[PDB]
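> Please see the structure below; I have some questions.
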Amino acid sequence: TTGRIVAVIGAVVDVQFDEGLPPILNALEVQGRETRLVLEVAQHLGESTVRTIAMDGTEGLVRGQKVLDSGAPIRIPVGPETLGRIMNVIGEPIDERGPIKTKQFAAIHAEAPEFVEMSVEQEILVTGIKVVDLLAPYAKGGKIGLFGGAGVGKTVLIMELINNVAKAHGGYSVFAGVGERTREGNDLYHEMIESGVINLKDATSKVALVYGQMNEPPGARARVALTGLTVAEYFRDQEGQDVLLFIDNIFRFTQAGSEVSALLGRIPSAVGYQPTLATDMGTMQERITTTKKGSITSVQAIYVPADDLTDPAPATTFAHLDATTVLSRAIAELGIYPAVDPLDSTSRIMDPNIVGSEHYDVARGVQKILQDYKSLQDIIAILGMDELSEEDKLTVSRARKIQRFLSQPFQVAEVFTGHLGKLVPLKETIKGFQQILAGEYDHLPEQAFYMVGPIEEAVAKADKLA
Amino acid sequence: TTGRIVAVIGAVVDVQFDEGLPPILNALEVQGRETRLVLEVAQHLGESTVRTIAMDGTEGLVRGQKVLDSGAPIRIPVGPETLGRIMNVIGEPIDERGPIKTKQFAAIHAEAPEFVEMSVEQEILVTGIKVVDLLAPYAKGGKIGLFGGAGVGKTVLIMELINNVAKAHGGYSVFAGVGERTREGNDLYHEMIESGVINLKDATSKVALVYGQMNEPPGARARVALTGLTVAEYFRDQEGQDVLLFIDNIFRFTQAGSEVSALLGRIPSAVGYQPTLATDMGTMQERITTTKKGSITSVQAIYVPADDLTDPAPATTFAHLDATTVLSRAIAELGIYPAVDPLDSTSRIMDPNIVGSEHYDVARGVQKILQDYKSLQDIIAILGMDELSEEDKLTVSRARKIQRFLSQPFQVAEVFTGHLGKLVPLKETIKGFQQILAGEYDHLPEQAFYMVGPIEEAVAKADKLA
Amino acid sequence: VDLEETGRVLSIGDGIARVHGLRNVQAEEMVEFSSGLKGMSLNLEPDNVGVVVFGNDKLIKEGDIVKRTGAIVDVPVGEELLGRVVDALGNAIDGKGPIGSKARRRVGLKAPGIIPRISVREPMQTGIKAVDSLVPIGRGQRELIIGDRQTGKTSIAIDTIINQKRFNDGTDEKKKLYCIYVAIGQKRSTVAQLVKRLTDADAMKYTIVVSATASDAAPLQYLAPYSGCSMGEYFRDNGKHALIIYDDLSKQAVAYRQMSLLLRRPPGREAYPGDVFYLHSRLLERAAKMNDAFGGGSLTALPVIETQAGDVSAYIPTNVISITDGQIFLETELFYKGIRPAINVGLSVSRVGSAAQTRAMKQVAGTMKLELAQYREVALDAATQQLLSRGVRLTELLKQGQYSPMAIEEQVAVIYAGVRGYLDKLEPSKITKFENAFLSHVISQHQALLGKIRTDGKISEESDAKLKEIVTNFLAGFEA
Amino acid sequence: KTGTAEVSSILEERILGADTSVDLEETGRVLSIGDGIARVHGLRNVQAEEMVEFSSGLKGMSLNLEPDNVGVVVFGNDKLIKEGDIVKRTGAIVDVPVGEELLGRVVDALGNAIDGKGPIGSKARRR
Amino acid sequence: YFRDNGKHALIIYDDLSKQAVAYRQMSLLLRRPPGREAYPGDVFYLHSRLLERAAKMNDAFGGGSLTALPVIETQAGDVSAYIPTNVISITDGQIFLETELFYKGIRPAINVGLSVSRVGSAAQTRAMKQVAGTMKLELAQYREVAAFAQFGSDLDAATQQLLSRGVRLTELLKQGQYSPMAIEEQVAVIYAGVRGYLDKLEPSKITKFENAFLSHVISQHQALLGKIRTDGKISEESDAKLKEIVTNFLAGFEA
Amino acid sequence: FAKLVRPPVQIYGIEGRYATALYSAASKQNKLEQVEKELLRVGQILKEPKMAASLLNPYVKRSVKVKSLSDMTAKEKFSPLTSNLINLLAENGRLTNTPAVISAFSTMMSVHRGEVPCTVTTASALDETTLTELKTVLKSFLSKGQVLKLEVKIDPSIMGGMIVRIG
């Protein structure tokens with residue numbers, strides 16, 4: 001069916017197809033637009049006009065110009081031939097190894113699998129980070145959402161996570177660069193080239209890249225999320241896999257939606273949002289999970305707008321989160337890495353039993369200690385010290401170590417750190433802080449717990465000093 | 001073209017011109033206007049109907065009126081008789097002392113001096129006030145933002161400035177009593193008259209007065225500023241002169257404009273700030289400089305809106321600043337006439353690079369001392385000076401001497417206080433405080449330095465004291 | 001008549017011309033009003049065209065003929081702007097007029113692919129000690145220059161540029177650097193002065209100054225960076241190494257915002273609509289360090305935001321932060337301390353900076369960054385007291401009164417002095433003094449070495465030793 | 001226009017041509033009434049801001065002279081007021097009784113009794 | 001239905017917070033407003049009409065009930081927050097659960113100052129009432145010397161004991177992660193503390209005391225409990241036994 | 001005031017507020033059908049393209065809205081006391097909105113005393129009656145051949161999709 005460009009107001013393309021109106025979601029290909037200009041129908045506005053979204057450039061769009069309905073909603077190749085490929089949103093390379101060709105195409109908008117094949121429960125994945133594992137024991141196949149400020153070492157972290165994980169991984173991984181910087185993707189590209197687990201003797205690499213960068217119009221950015229989902233659901237369910245789905249950054253998706261909202265004629269909700277923001281969440285998020293058909297370990301970079309979390313967008317997000325990963329800019333500012341706000345980062349499976357409650361409990365003392373210590377901070381902020389109480393004085397110091405002890409330099413980003421970073425398995429962790437709980441160090445230099453992995457080495461770090 | 005009022009909804013007078021809609025900002029004169037209700041074209045709404053802004057009010061009017069597009073904007077007399085005369089925005093007396101008719105009339109559509117016309121450097125200017133000249137010596141063509149308390153001899157100070165400049169550069173001034181509180185402008189008149197700076201003996205007083213009171217429309221209050229601005233370009237270029245543009249208060253303008261933006265239904269920027277707030281400012285502001293045939297240095301009374309500065313207006317404003325005059329009610333309180341808030345009145349355009357590196361440095365020395373001295377004020381505050389080392393005590397004296405030395409009696413009010421002012425040529429100044437800095441005279445009495453002008457005169461006062 | 005490529009202005013009064021006709025129009029066409037104003041046919045409405053007007057509208061009377069130009073907006077690109085102060089249209093508003101770029105380039109010209117690009121490593125310099133040392137970087141790098149009201153801010157750029165004078169005036173086939181100074185919102189005298197400085201620096205020859213003074217009809221100013229963008233990529237991709245100083249996007253954003261709202265298009269946060277993000281991305285993603293095909297290309301983007309109260313909390317800053325490859329916060333307070341340059345170092349950060357500048361420098365600078373860190377930290381014991389002493393020296397050492405940058409070798413040298421505590425054998429006052437003298441000393445004598453150090457890109461033991469020796473005597477007998 | 005001329009108090013005869021009614025100049029028809037805002041059809045050379053008189057015995061003021069109608073602030077009720085109502089000019093914008101003889105007089109804003117001291121002294125009225 | 005059919009139904013609406021979000025959204029999409037906080041206003045009404053439908057009805061209605069436990073999950077304790085204000089004005093209290101405490105490990109994490117039931121006594125066994133009445137107070141007072149002088153450090157010696165008491169009770173009001181109980185049991189441990197047999201114990205071990213204590217009372221004093229359970233109230237039997245138990249058993253718990 | 005009249009069609013609001021005026025204004029005096037068949041001829045002598053833009057030119061400039069049918073079709077006797085309301089429409093800019101006034105007026109003007117339906121799996125069942133499903137049984141007396149399975153089809157759908165819908 002064909003449409004007339006009736007109104008172009010940017011990439012919100014108001015199309016009148018008078019050749020009937022195919023679905024809301026029917027994907028359109030523009031005629032006179034050699035460069036494949038996808039519009040997806042958004043509204044049947046009436047008047048055989050749909051509001052559709054170009055995701056793309058709006059060059060030479062004479063108002064009237066023929067637009068040809070693609071006859072389905074947006075469909076993309078999905079197939080193993082995507083891994084190691086940087087696929088854009090449009091199923092096409094940006095690996096630029098020729099087309100990312102697959103056997104099957106998939107319409108990318110889809111159902112959120114039903115509850116019953118969804119595995120109802122999950123198991124904590126280990127990230128190799130004390131701080132993480134201990135404090136927010138995230139789950140395999142869960143949706144872990146990385147709230148984090150702008151470039152706050154998050155990007156660094158995720159990469160490190162990739163580093164820690166993706167390697168080790170048994171299934172495969174997806175990176176969906178939603179509003180990713182072309183650069184970071186580059187960086188990543190090379191890192192991946194480098195890693196060689198984007199091995200190019202593999203278009204079946206250990207990691208598939210789907211990128212829907214910032215430079216794209218929102219519709220594209222909006223859509224890369226669905227696209228990626230569709231592929232991955234295919235690998236998980238279809239290719240059985242434990243997919244790790246790296247999404248950086250869903251916020252940018254969200255934003256892409258919101259961005260359109262206005263000139264979806266909609267009231268763009270609070271701050272401009274979407275009223276449907278939530279349904280938007282359901283509609284992607286509920287699609288990604290762990291079924292019995294595998295796991296999609298869902299790593300969502302979440303820009304926390306203005307690190308405003310109360311911010312409804314993040315406000316919502318937590319709900320969706322199996323693991324909520326809150327990076328503390330505050331901490332980050334202390335130069336600290338792990339920079340987390342772990343009193344904000346959670347795992348529901350952070351709850352005793354599940355994770356070995358000792359493990360947890362050891363944490364509970366800490367969590368407490370720090371928290372109380374946090375409490376003090378107004379008092380201290382003025383008052384400093386000398387009319388308070390001693391036990392607290394101890395905790396303060398201890399906390400101060402603990403604080404430091406969470407810190408761990410970057411293994412990958414020795415380029416960033418200088419340092420070699422570290423990696424800590426459970427025992428040193430559980431013990432580590434626990435040891436601090438035993439206050440075995442309380443005459444050992446406090447900051448020395450900084451930028452360490454194993455508490456042992458930290459102990460060592462105190463020692464060389466004294 | 002002729003119009004008829006098609007809608008009067010308030011002073012947005014929607015006039016349909018029944019013939020061509022000439023460009024925006026055409027002054028239309030409504031026929032059936034006993035008093036010049038110039039409508040300033042605001043929109044070409046279409047229909048050759050305009051959204052206009054009434055210059056007049058709305059009072060009892062019939063509609064469908066016959067309006068004659070004056071075919072150009074609002075015209076006002078420009079050239080010298082405006083000095084010692086108060087005109088309203090329409091350029092019509094409100095001196096109520098008959099007509100100004102300064103020979104050329106103008107659409108206040110005198111525009112920015114363009115890139116080629118600008119002095120590619122404007123330099124340092126001086127005011128005849130010591131405090132300024134050493135530390136924040138003006139700039140030819142430049143805008144200074146003025147804080148300080150209601151008639152702290154403020155008003156007077158201004159009058160004195162007007163006095164100094166009008167003379168000293170052969171300058172002349174524009175006073176825009178922007179939203180003048182009419183009674184206070186009456187009053188204002190009287191001081192000026194009184195002072196004789198307003199000469200009734202010459203409507204070629206030092207100052208041309210434009211008063212644009214609160215009782216006028218927002219627009220009227222807003223627009224009187226360009227009107228004046230336009231004038232200063234006359235005096236600048238055309239009279240070749242060194243115009244001062246006293247904007248009093250630009251804030252009251254800001255408000256006056258702001259009301260308009262809103263009220264046009266037009267979204268003004270956030271918090272009601274004009275949409276265009278910056279361009280409004282810009283469009284006005286860029287019309288201020290040393291062209292080549294003169295300089296219009298703007299003396300901007302600035303009421304810091306909400307004492308808030310990142311507050312968009314000031315945020316912008318800063319861009320147009322060079323130098324700031326913060327007058328200090330405290331310094332005034334110290335009796336000091338001048339009453340300046342010294343380190344707070346600025347030029348950040350004072351640079352050793354820009355002004356003499358010496359000039360600057362000396363100023364800087366003075367700044368060192370004073371600032372440090374203040375630090376000492378605190379020391380002295382803590383347990384009384386007694387607590388200091390003597391050199392410092394000396395510097396305290398110097399600082400104080402410098403303080404007294406900032407004090408300058410007022411020439412225009414040599415009569416009123418009986419404290420017969422001075423005017424301070426710069427060299428005497430830089431040297432003056434520097435010499436005090438050279439500390440020889442730190443023996444000498446301090447009220448010597450009190451209310452003097454050039455530093456020699458302080459020496460005179462010292463002996464005579466002694 | 002043609003109301004199908006030309007239109008008569010249906011309404012204008014928000015200065016957005018609703019134009020009846022123009023129909024046959026494309027989408028994205030640059031139009032012309034009869035007022036010699038250009039417009040962009042922003043909206044193909046079914047009925048009329050919302051044209052964002054590249055001009056002002058007391059310059060227009062209604063029903064006005066808007067003629068298609070039949071062209072989608074392009075801006076000059078090429079190299080005829082290297083020496084020009086232009087308006088975005090590329091008319092040298094220096095008053096040189098058409099001495100502008102012949103080629104024009106669709107301002108639409110998206111960010112190259114990943115693969116097209118290949119990372120930075122390109123030592124990028126300013127001669128500004130702090131930069132080159134402490135936030136060393138490649139060339140492609142978006143890096144926010146941030147700090148308030150020409151608080152030397154603007155000054156910073158001048159020194160930055162100035163170092164490149166020798167380089168562009170050299171055949172630094174890497175540091176033949178096109179400066180694109182997008183001057184945004186900046187009152188004309190200011191620019192004039194500046195420009196004048198630059199004239200004096202006469203780097204203008206390899207330099208575009210995309211020139212937005214204050215005044216200016218915003219959509220143009222607004223367009224201007226994008227214009228600049230096309231051009232800078234023009235260098236980049238044609239191997240050459242470009243420098244864009246976007247100074248500042250703050251002003252664009254406002255202008256735009258102002259525009260947005262007037263376009264009766266939403267806000268959100270800070271009243272801006274979110275494609276102010278898109279703004280910056282679309283502009284800045286188009287900035288890169290290319291692959292080899294593009295002659296490794298670069299356009300290094302030094303966006304500037306001249307801060308307002310360090311409120312980065314501010315969404316638009318946040319935006320930018322995440323986009324940027326680091327930010328340089330300059331602290332007015334320090335400035336106010338006199339601290340020239342006045343940087344908030346803590347915030348001045350290059351996460352990205354690694355291995356894309358100068359290895360030589362790293363050898364002292366890494367260490368320095370660190371040293372300063374610690375030195376800051378103790379904002380007593382001797383250990384720290386040294387750091388403090390040293391530190392106070394070091395403070396001076398990145399201090400650098402406005403109007404001076406350097407080539408690197410010198411930089412490493414003088415820092416070297418401090419890091420061997422040679423400057424600790426001074427106290428802060430004498431440092432500069434030392435430095436000048438010393439500098440002329442090495443310049444003369446150890447020009448050998450300095451040239452050499454410049455050569456070596458990596459401190460050599462030899463250089464160290466010669467330098468050391470040079471220094472030691474130069475130092476020792478002259479503890480001023 | 002819209003609805004107020006698909007308003008067929010007007011329209012239902014404008015078809016025919018037929019009309020001839022209120023001056024719509026100096027009289028109006030109440031277009032809408034709700035909230036003491038009588039959008040009053042017509043009135044277009046009514047004094048701006050004129051206090052008018054309603055076909056309800058009330059005053060209103062024809063404040064907004066809009067191109068078709070007049071937004072008339074009703075100085076009172078609206079139940080009473082109904083559509084089509086004739087609003088007849090009074091011609092007059094407000095004047096109020098003035099004198100200097102209200103000294104010892106409590107009034108409604110109009111410059112008339114509410115005191116219940118009977119009526120006030122003001123022999124003058126003044127715009 | 002259940003209510004009217006005598007059935008006592010319990011609804012936990014978790015949560016209306018989200019509901020509003022939807023409801024407005026829906027409205028907005030209908031262009032139907034975004035009142036305060038973007039929500040159109042009769043969302044209160046929405047719920048009011050909804051919730052009034054939760055009541056304890058008379059016997060003609062089987063006496064049934066629909067007990068409504070609305071839930072609002074707060075963003076940052078934002079309660080003057082429209083829907084929360086609203087809700088507050090319908091609800092007869094709010095049960096504020098307090099996070100700091102959570103981090104402290106105190107889960108349940110409450111702030112009972114910000115938990116209120118105007119209702120109070122209609123809602124409880126005598127058993128509990130007898131031991132609890134005082135307890136509330138004892139904590140209240142405990143809190144107070146943390147508070148008038150916003151220091152956990154003390155203002156009077158008496159209270160240095162009382163604080164101990166408070167502290168003990170603190171250990172007690174906690175609830176195991178993933179653990180409910182029934183009233184006589186609940187009273188069992190509560191009596192122990194209220195009437196104090198474990199300030200002669202360190203506060204952390206109080207809960208520990210319960211594990212044993214509870215498994216003991218369950219074992220033995222299911223008898224006794226049989227009585228308490230019977231009375232809905234602590235009886236002379238129970239009490240007499242209790243005084244003794246608690247002391248003895250406690251004594252056994254320790255020694 | 002006026003008096004509300006509506007012979008079937010019938011829109012209410014947005015031309016339908018308008019049509020319902022001349023609906024009581026033409027139906028009073030009962031020049032209604034005389035003005036229908038008027039307005040019908042005018043529906044196409046208007047809509048054309050000797051004019052695409054010379055009997056519906058709104059603007060290139062205003063002059064058209066001064067009068068171009070206050071004067072070009074008051075150049076016609078057609079519409080001779082309903083040509084006042086076209087002159088309103090000409091000034092008041094709604095001159096492109098007439099097709100729905102006349103459609104409202106004529107699907108008004110026939111069906112102006114008539115009834116149209118369309119049930120399930122018929123589609124041309126679209127007529128002008130005074131009684132129903134005695135008449136649409138008369139359409140099954142066109143022949144019951146040709147109907148209630150085509151045009152619009154019991155094939156996929158009514159019947160065919162309903163057994164799919166149970167699942």
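Chains: A, B, ... in order of the structure tokens. Residues: from 1 per chain. Ligands: from 1, in order shown.
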Extract, using only C-alpha atoms, all DNA, RNA and protein residues at most 9 Å from residue 68 (chain F), discarding same-chain residues fewer than 4 positions from it, and format them as JSON, numbers by chain.

{"F": [54, 55, 56, 57, 63, 64, 72, 73, 74, 87, 90]}

> Go ahead and save the picked residues with N, CA and C atoms, as a compact mmCIF listing (two decimals), in the first residue's frame.


# COMPACT_ATOMS: atom_id res chain seq x y z
N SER F 54 -9.89 29.36 -8.14
CA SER F 54 -10.59 30.47 -8.82
C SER F 54 -12.12 30.47 -8.60
N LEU F 55 -12.59 29.46 -7.86
CA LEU F 55 -13.87 29.44 -7.13
C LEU F 55 -13.73 28.85 -5.69
N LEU F 56 -12.51 28.41 -5.35
CA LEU F 56 -12.01 27.98 -4.02
C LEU F 56 -10.57 28.46 -3.77
N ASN F 57 -10.06 29.42 -4.56
CA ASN F 57 -8.86 30.13 -4.12
C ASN F 57 -9.16 30.72 -2.74
N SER F 63 -9.08 38.71 -1.04
CA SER F 63 -9.85 39.43 -2.07
C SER F 63 -11.02 38.51 -2.43
N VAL F 64 -10.64 37.23 -2.51
CA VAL F 64 -11.54 36.09 -2.50
C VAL F 64 -12.55 36.08 -1.32
N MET F 72 -18.90 35.43 -7.34
CA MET F 72 -18.83 34.42 -8.44
C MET F 72 -19.59 33.15 -8.03
N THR F 73 -20.93 33.14 -8.18
CA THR F 73 -22.03 32.25 -7.68
C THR F 73 -23.05 32.83 -6.65
N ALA F 74 -22.92 34.09 -6.20
CA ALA F 74 -23.96 35.15 -6.32
C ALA F 74 -23.95 35.82 -7.71
N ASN F 87 -21.47 32.88 1.30
CA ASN F 87 -20.71 34.12 1.47
C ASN F 87 -20.10 34.21 2.87
N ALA F 90 -17.28 31.63 2.62
CA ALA F 90 -16.29 32.28 1.78
C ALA F 90 -15.44 33.25 2.61

> Per DSSP on the backbone, what are the alpha helix (DSSP H) residues of region 135-280 of chain B, as a PyMOL selection string?

chain B and resi 135+154-168+182-195+218-233+250-263+277-280

> Can you pull out every residue within 12 Å of residue 8 (chain A), counting only C-alpha atoms, but drop anything in the same chain fewer than 5 positions away, and send it as an MDAnalysis selection string?

(chainID A and resid 13:16 39 50:54 56:65 263) or (chainID C and resid 23 25:29 41:50)

> Using only C-alpha atoms, which residues sit within 12 Å of residue 110 (chain B) once same-chain residues fewer than 4 positions away are excluded, as a PyMOL selection string?

chain B and resi 73-76+78+105-106+114+226-234+237+283-288

> Could you please take those selected residues and save N, CA and C atoms as a PDB file, in the first residue's frame?


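Dumped to part_19.pdb:
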ATOM      1  N   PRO B  73       7.667  52.179  12.383  1.00  0.00           N
ATOM      2  CA  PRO B  73       7.655  52.253  13.811  1.00  0.00           C
ATOM      3  C   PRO B  73       7.572  53.612  14.416  1.00  0.00           C
ATOM      4  N   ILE B  74       7.522  53.552  15.759  1.00  0.00           N
ATOM      5  CA  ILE B  74       7.366  54.581  16.756  1.00  0.00           C
ATOM      6  C   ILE B  74       8.452  55.594  16.645  1.00  0.00           C
ATOM      7  N   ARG B  75       8.099  56.880  16.516  1.00  0.00           N
ATOM      8  CA  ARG B  75       9.091  57.859  16.311  1.00  0.00           C
ATOM      9  C   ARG B  75       9.187  58.831  17.368  1.00  0.00           C
ATOM     10  N   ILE B  76      10.432  59.225  17.586  1.00  0.00           N
ATOM     11  CA  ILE B  76      10.681  59.984  18.742  1.00  0.00           C
ATOM     12  C   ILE B  76      11.651  61.002  18.263  1.00  0.00           C
ATOM     13  N   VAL B  78      15.297  62.821  18.321  1.00  0.00           N
ATOM     14  CA  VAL B  78      16.594  62.461  18.848  1.00  0.00           C
ATOM     15  C   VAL B  78      17.520  63.587  18.552  1.00  0.00           C
ATOM     16  N   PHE B 105      13.843  62.273  13.800  1.00  0.00           N
ATOM     17  CA  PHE B 105      12.979  61.488  14.620  1.00  0.00           C
ATOM     18  C   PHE B 105      13.370  60.128  14.304  1.00  0.00           C
ATOM     19  N   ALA B 106      12.980  59.191  15.174  1.00  0.00           N
ATOM     20  CA  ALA B 106      13.442  57.877  14.958  1.00  0.00           C
ATOM     21  C   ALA B 106      12.464  56.878  15.367  1.00  0.00           C
ATOM     22  N   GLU B 114      27.683  46.911  13.744  1.00  0.00           N
ATOM     23  CA  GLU B 114      28.057  45.697  13.148  1.00  0.00           C
ATOM     24  C   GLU B 114      29.465  45.491  13.343  1.00  0.00           C
ATOM     25  N   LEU B 226      14.562  50.763  24.463  1.00  0.00           N
ATOM     26  CA  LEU B 226      15.141  50.869  23.162  1.00  0.00           C
ATOM     27  C   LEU B 226      15.124  52.234  22.695  1.00  0.00           C
ATOM     28  N   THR B 227      14.061  52.950  23.009  1.00  0.00           N
ATOM     29  CA  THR B 227      13.927  54.313  22.638  1.00  0.00           C
ATOM     30  C   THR B 227      15.107  55.086  23.048  1.00  0.00           C
ATOM     31  N   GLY B 228      15.461  54.999  24.330  1.00  0.00           N
ATOM     32  CA  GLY B 228      16.625  55.594  24.894  1.00  0.00           C
ATOM     33  C   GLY B 228      17.874  55.127  24.253  1.00  0.00           C
ATOM     34  N   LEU B 229      17.932  53.826  23.963  1.00  0.00           N
ATOM     35  CA  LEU B 229      19.057  53.164  23.391  1.00  0.00           C
ATOM     36  C   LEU B 229      19.370  53.719  22.074  1.00  0.00           C
ATOM     37  N   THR B 230      18.323  53.903  21.285  1.00  0.00           N
ATOM     38  CA  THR B 230      18.368  54.533  20.017  1.00  0.00           C
ATOM     39  C   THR B 230      18.929  55.893  20.119  1.00  0.00           C
ATOM     40  N   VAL B 231      18.523  56.651  21.148  1.00  0.00           N
ATOM     41  CA  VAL B 231      19.044  57.969  21.381  1.00  0.00           C
ATOM     42  C   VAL B 231      20.514  57.975  21.605  1.00  0.00           C
ATOM     43  N   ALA B 232      21.012  57.025  22.395  1.00  0.00           N
ATOM     44  CA  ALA B 232      22.388  57.028  22.766  1.00  0.00           C
ATOM     45  C   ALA B 232      23.244  56.747  21.576  1.00  0.00           C
ATOM     46  N   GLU B 233      22.740  55.978  20.607  1.00  0.00           N
ATOM     47  CA  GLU B 233      23.409  55.777  19.351  1.00  0.00           C
ATOM     48  C   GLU B 233      23.511  57.066  18.573  1.00  0.00           C
ATOM     49  N   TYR B 234      22.467  57.925  18.632  1.00  0.00           N
ATOM     50  CA  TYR B 234      22.560  59.239  18.069  1.00  0.00           C
ATOM     51  C   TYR B 234      23.668  60.008  18.678  1.00  0.00           C
ATOM     52  N   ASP B 237      27.192  58.388  17.933  1.00  0.00           N
ATOM     53  CA  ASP B 237      27.806  58.352  16.684  1.00  0.00           C
ATOM     54  C   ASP B 237      27.789  59.655  16.104  1.00  0.00           C
ATOM     55  N   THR B 283      19.655  42.203  21.642  1.00  0.00           N
ATOM     56  CA  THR B 283      19.252  43.103  20.614  1.00  0.00           C
ATOM     57  C   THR B 283      19.352  44.514  21.029  1.00  0.00           C
ATOM     58  N   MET B 284      19.335  44.672  22.316  1.00  0.00           N
ATOM     59  CA  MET B 284      19.401  45.903  22.940  1.00  0.00           C
ATOM     60  C   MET B 284      20.835  46.124  23.177  1.00  0.00           C
ATOM     61  N   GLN B 285      21.452  45.136  23.794  1.00  0.00           N
ATOM     62  CA  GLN B 285      22.786  45.184  24.251  1.00  0.00           C
ATOM     63  C   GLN B 285      23.806  45.378  23.221  1.00  0.00           C
ATOM     64  N   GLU B 286      23.620  44.786  22.037  1.00  0.00           N
ATOM     65  CA  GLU B 286      24.590  44.845  20.990  1.00  0.00           C
ATOM     66  C   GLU B 286      24.669  46.213  20.426  1.00  0.00           C
ATOM     67  N   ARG B 287      23.576  47.000  20.585  1.00  0.00           N
ATOM     68  CA  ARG B 287      23.529  48.397  20.259  1.00  0.00           C
ATOM     69  C   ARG B 287      24.283  49.277  21.219  1.00  0.00           C
ATOM     70  N   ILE B 288      25.258  48.723  21.982  1.00  0.00           N
ATOM     71  CA  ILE B 288      26.053  49.444  22.954  1.00  0.00           C
ATOM     72  C   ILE B 288      27.490  49.070  22.743  1.00  0.00           C
TER      73      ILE B 288
END

> List the spatial neighbours of region 332-349 of chain A as an NGL selection string - criterion: any atom at most 10 Å away, only C-alpha atoms, same-chain residues fewer than 4 positions off excluded.

(:A and (121-124 or 129-139 or 142 or 144-149 or 152-154 or 157 or 318 or 321-328 or 353-355 or 360 or 367-368 or 370-371 or 403-410 or 417 or 421 or 450-452)) or (:C and (346-347)) or (:E and (100 or 103))

> Find the nearest atom pair between each residue of chain F and chain D for residues within 10 Å, count only C-alpha atoms, give distances in Å to one decimal, sort rows by chain and ascending number, and present the table as a tab-separated table.


residue	atom	partner	partner_atom	distance
F:1	CA	D:9	CA	4.6
F:2	CA	D:9	CA	5.1
F:3	CA	D:12	CA	8.4
F:4	CA	D:8	CA	8.9
F:12	CA	D:6	CA	9.9
F:13	CA	D:3	CA	7.4
F:14	CA	D:3	CA	7.5
F:15	CA	D:6	CA	7.0
F:16	CA	D:6	CA	8.0
F:17	CA	D:6	CA	5.1
F:18	CA	D:6	CA	4.2
F:19	CA	D:6	CA	8.0
F:20	CA	D:8	CA	8.0
F:21	CA	D:12	CA	4.3
F:22	CA	D:12	CA	5.6
F:23	CA	D:12	CA	8.1
F:24	CA	D:12	CA	6.6
F:25	CA	D:12	CA	5.2
F:26	CA	D:16	CA	7.6
F:28	CA	D:12	CA	9.8
F:29	CA	D:16	CA	9.8
F:31	CA	D:16	CA	9.9
F:79	CA	D:16	CA	9.3
F:80	CA	D:16	CA	8.1
F:81	CA	D:16	CA	4.2
F:82	CA	D:15	CA	4.5
F:83	CA	D:15	CA	7.1
F:84	CA	D:17	CA	5.0
F:85	CA	D:15	CA	4.3
F:86	CA	D:15	CA	7.8
F:87	CA	D:15	CA	9.3
F:88	CA	D:14	CA	8.2
F:92	CA	D:1	CA	7.8
F:94	CA	D:2	CA	9.9
